[PDB]
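See below for the structure under consideration.
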Amino acid sequence: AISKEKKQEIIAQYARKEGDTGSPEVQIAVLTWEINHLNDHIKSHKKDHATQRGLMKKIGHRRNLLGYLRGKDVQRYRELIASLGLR
RNA sequence: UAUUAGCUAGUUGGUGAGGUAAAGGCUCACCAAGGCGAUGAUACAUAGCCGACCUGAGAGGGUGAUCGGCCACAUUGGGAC
RNA sequence: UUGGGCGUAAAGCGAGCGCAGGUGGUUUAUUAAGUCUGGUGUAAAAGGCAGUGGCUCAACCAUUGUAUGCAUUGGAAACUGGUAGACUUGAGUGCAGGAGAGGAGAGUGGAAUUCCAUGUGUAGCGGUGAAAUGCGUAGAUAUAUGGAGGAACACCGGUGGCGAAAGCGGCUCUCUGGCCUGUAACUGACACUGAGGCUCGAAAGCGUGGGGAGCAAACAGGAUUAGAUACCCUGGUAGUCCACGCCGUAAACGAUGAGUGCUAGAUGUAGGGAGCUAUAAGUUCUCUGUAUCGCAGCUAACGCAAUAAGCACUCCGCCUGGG
RNA sequence: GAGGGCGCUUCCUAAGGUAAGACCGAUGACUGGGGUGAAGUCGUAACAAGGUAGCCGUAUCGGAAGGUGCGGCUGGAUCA
RNA sequence: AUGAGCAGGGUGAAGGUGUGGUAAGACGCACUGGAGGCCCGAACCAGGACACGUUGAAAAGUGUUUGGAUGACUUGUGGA
RNA sequence: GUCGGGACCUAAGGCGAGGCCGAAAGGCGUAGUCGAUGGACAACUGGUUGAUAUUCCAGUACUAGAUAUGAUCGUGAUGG
RNA sequence: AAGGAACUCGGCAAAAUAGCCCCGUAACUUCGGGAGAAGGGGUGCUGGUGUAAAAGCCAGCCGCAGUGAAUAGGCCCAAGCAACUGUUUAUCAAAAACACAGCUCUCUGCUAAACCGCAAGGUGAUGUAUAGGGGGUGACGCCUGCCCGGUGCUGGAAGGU
């Protein structure tokens with residue numbers, strides 16, 4: 001939910017490999033971006049429950065995200081806790 | 001039986017001592033606060049248990065009679081030599 | 001379990017998440033955990049499969065063996081598990097496309113209803129099978145206009161789309177998910193689920209505060225007939241609408257859970273991808289969609305059948321004769 | 001003198017009382033529902049488009065079958 | 001209108017804060033924290049009951065209990 | 001002188017020329033005027049009688065003014 | 001004494017309990033409370049040791065009695081009424097009476113309505129319909145049914161008066 005400049009910008013900073021636009025770190029970038037760039041829209045009127053279900057499937061995408069980058073990979077996130085540092 | 005949820009106070013660890021045939025809160029003193037439990041702990045009903053044995057082709061269901069083993073008991077309850 | 005069913009006969013939660021828990025694309029090697037082999041424990045027994053003798057032979061007893069996760073320990077890498085390892089070839093993320101009643105707010109426009117005055121004229125209108133209901137001569141409806149307000153937005157509109165469904169259609173903005181077509185650019189299995197817990201959610205109604213056209217529970221009046229507390233008519237309260245909280249129950253439906261694999265075809269329609277048919281035309285493949293017939297399969301039958309009631313497996317759930 | 005029973009208090013302490021429950025049974029004036037039997041009486045519904053097709057969840061009015069309304073589906077018709 | 005007060009002691013909210021709590025809130029327990037027609041209870045202000053007295057100490061009491069006791073309190077002052 | 005008041009201000013209020021209305025008396029009321037329970041401000045220790053003490057006096061003040069005395073342009077309002 | 005409420009219309013008065021600490025605490029609940037529920041225990045002194053910041057320990061000494069006296073709740077069950085706190089006849093009566101938030105209706109667009117005064121003037125209130133005035137009822141929960149004949153009120157005007 002962002003333009004191509006901040007899209008490819010946040011790929012550019014928050015990518016750990018050039019061209020790795022499907023990195024788990026870039027899943028953190030766009031997904032962990034639009035959690036708080038999702039909160040703007042839930043606070044927009046607090047009514048769009050379909051977007052609340054988007055938050056459900058994207059919280060779950062964060063669940064597979066760091067459930068996997070803690071799940072099979074471990075230490076490339078253990079060095080990278082301070083990406084945002086959940087929980 | 002979860003229409004059997006939260007439960008547990010010596011409770012759970014540590015130290016000491018008494019005991020014992022012996023480690024052992026086995027007890028008791030003192031100092032620590034844990035621990036269990038919604039993947040069934042406690043509370044209530046019910047039960048002597050097992051080898052075995054009747055039936056079911058077997059899977060099993062069902063029983064514990066009589067026999068043998070263990071356990072428990074000795075009008076009731078509790079101590080202790 | 002062996003050795004069920006769930007479309008209608010009893011049954012799929014009312015739908016979503018993403019907690020445990022369950023299940024695992026391919027491959028390299030280890031591991032032997034489980035898995036198979038050998039040694040070890042095994043009922044004192046009594047008991048079975050046999051034999052012996054015998055109260056004769058009987059029945060059964062006495063005997064004799066046989067038959068056993070009762071156990072622990074060497075091997076097996078073929079599977080799973082684990083351990084390290086690799087690839088994408090599932091998933092998702094990239095770059096291009098579009099699409100829609102997807103949601104949520106912020107506004108706007110017209111028709112139409114009813115009402116305020118209103119031209120100027122006379123009993124009208126109502127309704128049915130008809131009228132009483134009634135209103136209306138205080139002279140109006142109807143017709144001339146302007147105003148007011150709420151509601152909803154005919155062809156658009158469709159087996160159309162989107163949304164998990166519930167549902168969503170005047171128009172315009174705001175920020176807003178979700179797919180599909182292509183794509184390996186990239187992660188390298190991140191997958192599927194889903195008890196628990198959580199969220200959403202018809203329809204009414206309930207709370208507070210508004211808005212109050214038309215409609216209509218409650219009730220009244222008039223037919224109705226034996227009777228009418230009903231169908232009809234005249235009305236007409238709650239309520240319908242707006243912000244703002246709740247119930248959590250609907251034929252929830254398709255009385256057909258979720259994931260993915262397989263495959264006769266005749267067939268709809270979307271919107272892409274590609275060709276395509278060229279001096280403008282019009283065809284073929286591909287994907288998700290949603291029908292209709294019907295191969296196989298299929299059931300008690302009815303029927304289903306590519307968006308299987310056919311053939312499989314993982315997550316769940318239900319179901320046990322009736323009241 | 002030690003030690004010794006008795007001398008000698010305490011500890012735990014069996015039973016009995018206390019209080020404030022909880023559980024579970026029995027029990028109970030009257031009373032709510034349900035089933036059974038009569039074949040009284042009320043009624044037209046539900047069954048055919050079963051006489052207003054319904055069937056749900058819900059609000060609300062009936063002696064009662066039931067009605068009115070919100071919305072939904074054929075397990076519905078003449079065929080719309 | 002201006003002033004005066006109304007000993008003490010509990011109670012414990014809200015509020016706030018911080019960590020386990022959470023995507024994030026709701027939650028957990030601390031910490032403040034006292035608001036409160038809160039409570040008890042002094043002064044103070046009443047008068048519920050009871051006894052005494054009632055030609056009474058008294059033209060309305062005493063004595064013992066009783067209530068409120070930070071309020072709609074009590075009440076000075078000076079006014080209408 | 002210093003304590004309380006007045007010679008300061010002012011609430012609540014009262015009186016109220018003007019003015020308003022009203023048989024009259026009156027009652028209202030602008031300016032203004034008073035009106036403390038309020039707000040303005042210097043003195044406090046010791047002794048002292050039969051009795052007065054912050055008042056009499058020892059010690060220290062301070063406030064305000066006066067006339068006596070090198071200013072210097074300064075004061076600076078009812079206004080702000 | 002012994003006995004208890006048998007007295008009485010009535011445990012009326014007296015009695016008895018209460019302090020502080022520490023346990024523990026049913027019912028319903030509007031979830032705060034109830035509740036100090038109840039019921040229970042302790043409470044003196046001596047030396048220690050730990051109490052000074054600080055109880056508890058140990059032993060003993062004692063005691064009829066250990067907040068040695070004073071001072072300081074009787075409790076429980078249930079029902080009706082009223083919610084409550086407040087206020088209430090001083091020279092009788094404190095309550096179920098009043099009041100109260102609450103809820104309801106109605107009236108008033110402003111030199112308000114309403115009210116006081118002959119008026120003037122002023123309140124209402126330097127108020128503007130969430131305010132002001134009147135009427136009902138008195139939290140919270142459920143609910144408020146029917147009847148416009150009559151009365152009153154409102155509104156309308158055809159005619160009578």
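Every chain in the structure tokens takes a letter, A first, then B, and so on in the order presented; its residues are numbered from 1, and the ligands are numbered from 1 following the presented order.
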
| Could you name the residues that touch stretch 71-83 of chain G at 7 Å or less, counting only C-alpha atoms (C1' of nucleotides), but leaving out those on the same chain fewer than 3 positions away, as a list in words? |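 The filter keeps residues 16, 17, 18, 19, 96 and 139 of chain G.
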
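Any residue of chain E with an atom no more than 12 Å from chain A counts as a contact; using only C-alpha atoms (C1' of nucleotides), that gives residues 21, 22, 23 and 24 of chain E.
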
Write the residues of the selection above to a file with N, CA and C atoms (P, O5', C5', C4', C3', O3' and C1' of nucleotides), as a PDB file, in the first residue's frame.
```pdb
ATOM      1  P     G E  21       3.575 -11.378  28.839  1.00  0.00           P
ATOM      2  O5'   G E  21       2.328 -10.477  29.251  1.00  0.00           O
ATOM      3  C5'   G E  21       1.029 -11.043  29.323  1.00  0.00           C
ATOM      4  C4'   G E  21      -0.044 -10.048  28.963  1.00  0.00           C
ATOM      5  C3'   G E  21       0.099  -9.366  27.619  1.00  0.00           C
ATOM      6  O3'   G E  21      -0.279 -10.175  26.524  1.00  0.00           O
ATOM      7  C1'   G E  21      -0.341  -7.742  29.229  1.00  0.00           C
ATOM      8  P     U E  22       0.883 -10.725  25.569  1.00  0.00           P
ATOM      9  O5'   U E  22       0.445 -10.301  24.098  1.00  0.00           O
ATOM     10  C5'   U E  22      -0.917 -10.348  23.703  1.00  0.00           C
ATOM     11  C4'   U E  22      -1.457  -8.961  23.485  1.00  0.00           C
ATOM     12  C3'   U E  22      -0.795  -8.157  22.384  1.00  0.00           C
ATOM     13  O3'   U E  22      -1.257  -8.488  21.096  1.00  0.00           O
ATOM     14  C1'   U E  22      -0.948  -6.838  24.332  1.00  0.00           C
ATOM     15  P     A E  23      -0.233  -9.179  20.079  1.00  0.00           P
ATOM     16  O5'   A E  23       0.875  -8.063  19.882  1.00  0.00           O
ATOM     17  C5'   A E  23       1.843  -8.166  18.856  1.00  0.00           C
ATOM     18  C4'   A E  23       1.803  -6.936  17.999  1.00  0.00           C
ATOM     19  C3'   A E  23       1.339  -5.690  18.724  1.00  0.00           C
ATOM     20  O3'   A E  23       2.399  -5.065  19.418  1.00  0.00           O
ATOM     21  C1'   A E  23       0.203  -5.887  16.649  1.00  0.00           C
ATOM     22  P     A E  24       2.294  -4.821  20.997  1.00  0.00           P
ATOM     23  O5'   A E  24       1.104  -3.778  21.129  1.00  0.00           O
ATOM     24  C5'   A E  24       1.227  -2.482  20.568  1.00  0.00           C
ATOM     25  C4'   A E  24      -0.116  -1.826  20.439  1.00  0.00           C
ATOM     26  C3'   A E  24      -0.996  -1.939  21.663  1.00  0.00           C
ATOM     27  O3'   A E  24      -0.667  -1.012  22.677  1.00  0.00           O
ATOM     28  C1'   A E  24      -2.250  -2.502  19.761  1.00  0.00           C
TER      29        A E  24
END
```

| message | With only C-alpha atoms (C1' of nucleotides) as the counted atoms, please give the residues lying no more than 9 Å from residue F:22, apart from itself and same-chain residues fewer than 5 positions off, as a PyMOL selection string. | response | (chain F and resi 27) or (chain G and resi 118-120)

| Got a sec: who's within 12 Å of residue G:41, counting only C-alpha atoms (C1' of nucleotides), leaving out chain neighbours fewer than 2 positions off, as a ChimeraX atom specification? | /G:21-24,39,43

Go ahead and write the selection's residues with N, CA, C and O atoms (P, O5', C5', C4', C3', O3' and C1' of nucleotides) as a PDB file, in the first residue's frame.
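Saved file selection_29.pdb follows:
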```pdb
ATOM      1  P     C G  21      -5.198  -1.682  65.274  1.00  0.00           P
ATOM      2  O5'   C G  21      -4.193  -2.890  65.041  1.00  0.00           O
ATOM      3  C5'   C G  21      -4.692  -4.174  64.723  1.00  0.00           C
ATOM      4  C4'   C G  21      -3.829  -5.275  65.273  1.00  0.00           C
ATOM      5  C3'   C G  21      -3.928  -6.571  64.498  1.00  0.00           C
ATOM      6  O3'   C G  21      -3.078  -6.586  63.375  1.00  0.00           O
ATOM      7  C1'   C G  21      -4.219  -7.027  66.788  1.00  0.00           C
ATOM      8  P     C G  22      -3.700  -6.864  61.930  1.00  0.00           P
ATOM      9  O5'   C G  22      -3.572  -8.442  61.771  1.00  0.00           O
ATOM     10  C5'   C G  22      -2.472  -9.142  62.331  1.00  0.00           C
ATOM     11  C4'   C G  22      -2.876 -10.531  62.728  1.00  0.00           C
ATOM     12  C3'   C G  22      -3.747 -11.252  61.725  1.00  0.00           C
ATOM     13  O3'   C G  22      -2.995 -11.798  60.662  1.00  0.00           O
ATOM     14  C1'   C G  22      -4.575 -11.594  63.928  1.00  0.00           C
ATOM     15  P     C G  23      -3.723 -12.181  59.288  1.00  0.00           P
ATOM     16  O5'   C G  23      -4.341 -13.616  59.571  1.00  0.00           O
ATOM     17  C5'   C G  23      -5.661 -13.910  59.157  1.00  0.00           C
ATOM     18  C4'   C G  23      -6.189 -15.149  59.821  1.00  0.00           C
ATOM     19  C3'   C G  23      -7.412 -15.742  59.155  1.00  0.00           C
ATOM     20  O3'   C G  23      -7.131 -16.524  58.011  1.00  0.00           O
ATOM     21  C1'   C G  23      -7.819 -15.573  61.456  1.00  0.00           C
ATOM     22  P     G G  24      -7.741 -16.092  56.589  1.00  0.00           P
ATOM     23  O5'   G G  24      -9.270 -16.527  56.653  1.00  0.00           O
ATOM     24  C5'   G G  24      -9.677 -17.784  57.176  1.00  0.00           C
ATOM     25  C4'   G G  24     -11.049 -17.662  57.776  1.00  0.00           C
ATOM     26  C3'   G G  24     -12.059 -16.986  56.871  1.00  0.00           C
ATOM     27  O3'   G G  24     -12.660 -17.891  55.968  1.00  0.00           O
ATOM     28  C1'   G G  24     -12.120 -15.972  59.005  1.00  0.00           C
ATOM     29  P     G G  39     -20.918 -13.776  66.630  1.00  0.00           P
ATOM     30  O5'   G G  39     -20.003 -15.072  66.719  1.00  0.00           O
ATOM     31  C5'   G G  39     -20.558 -16.366  66.558  1.00  0.00           C
ATOM     32  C4'   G G  39     -19.529 -17.326  66.036  1.00  0.00           C
ATOM     33  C3'   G G  39     -18.161 -17.201  66.668  1.00  0.00           C
ATOM     34  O3'   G G  39     -18.064 -17.796  67.942  1.00  0.00           O
ATOM     35  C1'   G G  39     -17.907 -17.279  64.352  1.00  0.00           C
ATOM     36  P     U G  43      -2.488 -14.491  75.860  1.00  0.00           P
ATOM     37  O5'   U G  43      -2.485 -12.906  75.969  1.00  0.00           O
ATOM     38  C5'   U G  43      -1.464 -12.151  75.331  1.00  0.00           C
ATOM     39  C4'   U G  43      -1.800 -10.684  75.247  1.00  0.00           C
ATOM     40  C3'   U G  43      -2.121 -10.006  76.576  1.00  0.00           C
ATOM     41  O3'   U G  43      -1.558  -8.697  76.578  1.00  0.00           O
ATOM     42  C1'   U G  43      -3.889  -9.657  75.063  1.00  0.00           C
TER      43        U G  43
END
```

| request: Enumerate as a ChimeraX atom specification all residues of chain A assigned to helix (DSSP H, G or I) by DSSP on the backbone, naming them with the chain letters and numbers the document uses. | output: /A:4-13,24-31,36-42,49-69,75-78,81-83

Written selection (N, CA and C atoms) as a short mmCIF file (atom, residue, chain, number, x, y, z; two decimals), in the first residue's frame:
```
data_model
loop_
_atom_site.label_atom_id
_atom_site.label_comp_id
_atom_site.auth_asym_id
_atom_site.auth_seq_id
_atom_site.Cartn_x
_atom_site.Cartn_y
_atom_site.Cartn_z
N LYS A 4 5.80 3.43 -5.82
CA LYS A 4 7.00 2.72 -6.26
C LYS A 4 8.27 3.32 -5.70
N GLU A 5 8.25 4.60 -5.32
CA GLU A 5 9.46 5.22 -4.81
C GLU A 5 9.78 4.76 -3.39
N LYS A 6 8.77 4.68 -2.52
CA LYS A 6 9.01 4.20 -1.17
C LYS A 6 8.94 2.68 -1.13
N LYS A 7 8.22 2.09 -2.08
CA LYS A 7 8.24 0.66 -2.32
C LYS A 7 9.64 0.17 -2.62
N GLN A 8 10.20 0.62 -3.74
CA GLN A 8 11.53 0.19 -4.14
C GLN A 8 12.60 0.83 -3.28
N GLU A 9 12.28 1.94 -2.61
CA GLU A 9 13.20 2.51 -1.63
C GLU A 9 13.32 1.60 -0.42
N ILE A 10 12.19 1.11 0.10
CA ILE A 10 12.27 0.28 1.29
C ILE A 10 12.77 -1.11 0.93
N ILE A 11 12.61 -1.53 -0.34
CA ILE A 11 13.34 -2.70 -0.82
C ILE A 11 14.83 -2.40 -0.82
N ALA A 12 15.20 -1.18 -1.21
CA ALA A 12 16.61 -0.83 -1.38
C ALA A 12 17.34 -0.78 -0.05
N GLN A 13 16.76 -0.11 0.95
CA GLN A 13 17.39 -0.09 2.26
C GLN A 13 17.20 -1.42 2.97
N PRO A 24 12.80 -12.42 3.07
CA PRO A 24 12.05 -12.29 4.32
C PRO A 24 12.23 -10.93 4.96
N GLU A 25 13.41 -10.33 4.78
CA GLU A 25 13.64 -8.98 5.26
C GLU A 25 12.79 -7.96 4.50
N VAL A 26 12.52 -8.19 3.21
CA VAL A 26 11.65 -7.23 2.55
C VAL A 26 10.19 -7.55 2.82
N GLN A 27 9.87 -8.79 3.23
CA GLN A 27 8.56 -9.05 3.80
C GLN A 27 8.38 -8.26 5.09
N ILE A 28 9.45 -8.16 5.88
CA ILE A 28 9.44 -7.29 7.06
C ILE A 28 9.28 -5.84 6.63
N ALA A 29 9.87 -5.48 5.49
CA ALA A 29 9.86 -4.09 5.04
C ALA A 29 8.46 -3.63 4.67
N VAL A 30 7.83 -4.32 3.71
CA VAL A 30 6.51 -3.88 3.29
C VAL A 30 5.46 -4.25 4.33
N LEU A 31 5.57 -5.42 4.94
CA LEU A 31 4.50 -5.88 5.82
C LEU A 31 4.56 -5.17 7.16
N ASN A 36 1.83 -0.29 10.77
CA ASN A 36 1.57 1.05 11.27
C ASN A 36 1.08 1.95 10.16
N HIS A 37 1.40 1.61 8.91
CA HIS A 37 0.70 2.23 7.80
C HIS A 37 -0.59 1.47 7.47
N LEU A 38 -1.02 0.56 8.34
CA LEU A 38 -2.38 0.05 8.33
C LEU A 38 -3.19 0.67 9.45
N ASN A 39 -2.52 1.00 10.56
CA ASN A 39 -3.18 1.59 11.72
C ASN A 39 -3.78 2.96 11.43
N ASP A 40 -3.21 3.69 10.46
CA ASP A 40 -3.81 4.92 9.97
C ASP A 40 -5.21 4.68 9.42
N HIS A 41 -5.41 3.55 8.75
CA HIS A 41 -6.71 3.28 8.16
C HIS A 41 -7.68 2.61 9.12
N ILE A 42 -7.20 1.84 10.10
CA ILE A 42 -8.17 1.37 11.09
C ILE A 42 -8.62 2.54 11.97
N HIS A 49 -14.16 -3.41 8.59
CA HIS A 49 -13.79 -4.71 9.12
C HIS A 49 -13.19 -5.61 8.06
N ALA A 50 -13.44 -5.33 6.78
CA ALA A 50 -12.75 -6.07 5.73
C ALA A 50 -11.26 -5.75 5.74
N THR A 51 -10.92 -4.49 5.98
CA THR A 51 -9.52 -4.14 6.15
C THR A 51 -8.99 -4.68 7.47
N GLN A 52 -9.86 -4.81 8.48
CA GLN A 52 -9.45 -5.53 9.68
C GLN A 52 -9.13 -6.99 9.38
N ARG A 53 -9.83 -7.60 8.42
CA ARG A 53 -9.47 -8.94 8.00
C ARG A 53 -8.20 -8.93 7.15
N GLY A 54 -7.93 -7.82 6.46
CA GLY A 54 -6.62 -7.65 5.85
C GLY A 54 -5.52 -7.61 6.89
N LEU A 55 -5.79 -6.96 8.02
CA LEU A 55 -4.88 -7.02 9.15
C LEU A 55 -4.80 -8.42 9.72
N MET A 56 -5.86 -9.22 9.60
CA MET A 56 -5.78 -10.61 10.05
C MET A 56 -4.83 -11.41 9.18
N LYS A 57 -5.02 -11.36 7.87
CA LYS A 57 -4.16 -12.13 6.98
C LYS A 57 -2.74 -11.56 6.90
N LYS A 58 -2.55 -10.29 7.26
CA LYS A 58 -1.21 -9.72 7.25
C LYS A 58 -0.50 -9.86 8.59
N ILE A 59 -1.24 -9.91 9.70
CA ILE A 59 -0.68 -10.39 10.95
C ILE A 59 -0.26 -11.84 10.81
N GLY A 60 -1.08 -12.64 10.13
CA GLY A 60 -0.70 -14.01 9.86
C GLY A 60 0.45 -14.13 8.89
N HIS A 61 0.57 -13.17 7.96
CA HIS A 61 1.74 -13.17 7.09
C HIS A 61 2.98 -12.77 7.87
N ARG A 62 2.80 -11.96 8.91
CA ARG A 62 3.89 -11.66 9.83
C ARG A 62 4.19 -12.87 10.71
N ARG A 63 3.18 -13.70 10.92
CA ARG A 63 3.31 -14.89 11.75
C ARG A 63 4.11 -15.96 11.03
N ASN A 64 3.83 -16.16 9.74
CA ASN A 64 4.68 -17.01 8.93
C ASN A 64 6.03 -16.37 8.70
N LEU A 65 6.06 -15.03 8.66
CA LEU A 65 7.29 -14.29 8.42
C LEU A 65 8.31 -14.54 9.51
N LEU A 66 8.01 -14.13 10.73
CA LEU A 66 9.01 -14.32 11.76
C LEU A 66 8.89 -15.66 12.45
N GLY A 67 7.77 -16.36 12.25
CA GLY A 67 7.72 -17.77 12.58
C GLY A 67 8.60 -18.62 11.69
N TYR A 68 8.96 -18.11 10.51
CA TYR A 68 9.90 -18.79 9.63
C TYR A 68 11.32 -18.27 9.78
N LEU A 69 11.48 -16.95 9.89
CA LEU A 69 12.81 -16.38 10.06
C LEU A 69 13.31 -16.54 11.48
N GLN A 75 19.49 -17.26 13.00
CA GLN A 75 20.48 -16.27 13.42
C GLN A 75 20.59 -15.07 12.50
N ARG A 76 20.14 -15.18 11.24
CA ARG A 76 20.05 -13.98 10.42
C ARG A 76 18.89 -13.09 10.82
N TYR A 77 18.02 -13.56 11.71
CA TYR A 77 17.11 -12.66 12.39
C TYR A 77 17.57 -12.35 13.81
N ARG A 78 18.31 -13.28 14.44
CA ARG A 78 18.85 -13.01 15.77
C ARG A 78 19.85 -11.87 15.75
N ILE A 81 17.27 -8.54 15.14
CA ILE A 81 16.11 -8.31 16.00
C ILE A 81 15.65 -6.87 15.88
N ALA A 82 16.59 -5.95 15.77
CA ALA A 82 16.31 -4.52 15.80
C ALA A 82 15.77 -3.98 14.48
N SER A 83 15.29 -4.84 13.59
CA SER A 83 14.51 -4.39 12.44
C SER A 83 13.30 -3.61 12.91
#
```

| request: Would you kindly return, as a ChimeraX atom specification, each protein, DNA or RNA residue with an atom no farther than 10 Å from any atom of residue B:37, considering only C-alpha atoms (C1' of nucleotides) and excluding same-chain residues fewer than 2 positions away? | output: /B:5-7,40-42

Written file, previous selection with N, CA and C atoms (P, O5', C5', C4', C3', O3' and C1' of nucleotides), as a PDB file, in the first residue's frame:
```
ATOM      1  P     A B   5     -15.538 -28.152  37.723  1.00  0.00           P
ATOM      2  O5'   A B   5     -14.420 -27.094  38.139  1.00  0.00           O
ATOM      3  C5'   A B   5     -14.415 -25.783  37.578  1.00  0.00           C
ATOM      4  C4'   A B   5     -13.495 -24.847  38.322  1.00  0.00           C
ATOM      5  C3'   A B   5     -13.283 -23.494  37.666  1.00  0.00           C
ATOM      6  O3'   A B   5     -13.012 -22.553  38.699  1.00  0.00           O
ATOM      7  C1'   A B   5     -11.230 -24.675  37.710  1.00  0.00           C
ATOM      8  P     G B   6     -13.172 -20.974  38.457  1.00  0.00           P
ATOM      9  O5'   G B   6     -11.677 -20.418  38.480  1.00  0.00           O
ATOM     10  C5'   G B   6     -10.887 -20.476  39.660  1.00  0.00           C
ATOM     11  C4'   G B   6     -10.112 -21.765  39.712  1.00  0.00           C
ATOM     12  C3'   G B   6      -9.329 -22.077  40.968  1.00  0.00           C
ATOM     13  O3'   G B   6     -10.149 -22.529  42.024  1.00  0.00           O
ATOM     14  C1'   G B   6      -8.076 -22.667  39.050  1.00  0.00           C
ATOM     15  P     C B   7      -9.679 -22.313  43.541  1.00  0.00           P
ATOM     16  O5'   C B   7      -8.560 -23.418  43.757  1.00  0.00           O
ATOM     17  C5'   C B   7      -8.900 -24.788  43.690  1.00  0.00           C
ATOM     18  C4'   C B   7      -7.677 -25.657  43.691  1.00  0.00           C
ATOM     19  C3'   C B   7      -6.715 -25.451  44.835  1.00  0.00           C
ATOM     20  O3'   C B   7      -7.170 -25.976  46.064  1.00  0.00           O
ATOM     21  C1'   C B   7      -5.508 -25.713  42.835  1.00  0.00           C
ATOM     22  P     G B  40      -5.401 -33.094  29.922  1.00  0.00           P
ATOM     23  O5'   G B  40      -4.380 -33.077  31.143  1.00  0.00           O
ATOM     24  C5'   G B  40      -4.448 -34.069  32.160  1.00  0.00           C
ATOM     25  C4'   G B  40      -5.149 -33.546  33.385  1.00  0.00           C
ATOM     26  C3'   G B  40      -5.916 -34.587  34.189  1.00  0.00           C
ATOM     27  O3'   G B  40      -5.994 -34.137  35.537  1.00  0.00           O
ATOM     28  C1'   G B  40      -7.423 -33.001  33.344  1.00  0.00           C
ATOM     29  P     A B  41      -5.861 -35.169  36.754  1.00  0.00           P
ATOM     30  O5'   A B  41      -4.438 -34.823  37.371  1.00  0.00           O
ATOM     31  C5'   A B  41      -3.822 -33.577  37.087  1.00  0.00           C
ATOM     32  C4'   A B  41      -3.678 -32.730  38.324  1.00  0.00           C
ATOM     33  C3'   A B  41      -4.551 -33.107  39.508  1.00  0.00           C
ATOM     34  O3'   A B  41      -4.054 -34.202  40.255  1.00  0.00           O
ATOM     35  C1'   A B  41      -4.678 -30.787  39.169  1.00  0.00           C
ATOM     36  P     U B  42      -5.029 -34.988  41.262  1.00  0.00           P
ATOM     37  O5'   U B  42      -4.981 -34.129  42.602  1.00  0.00           O
ATOM     38  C5'   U B  42      -6.026 -34.215  43.558  1.00  0.00           C
ATOM     39  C4'   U B  42      -6.491 -32.848  43.979  1.00  0.00           C
ATOM     40  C3'   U B  42      -7.860 -32.783  44.632  1.00  0.00           C
ATOM     41  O3'   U B  42      -7.859 -33.125  46.004  1.00  0.00           O
ATOM     42  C1'   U B  42      -7.755 -31.161  42.948  1.00  0.00           C
TER      43        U B  42
END
```

| task | Tell me, as a ChimeraX atom specification, which residues lie within 12 Å of residue C:27, counting only C-alpha atoms (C1' of nucleotides); anything in the same chain fewer than 4 positions away does not count. | result | /C:85-89
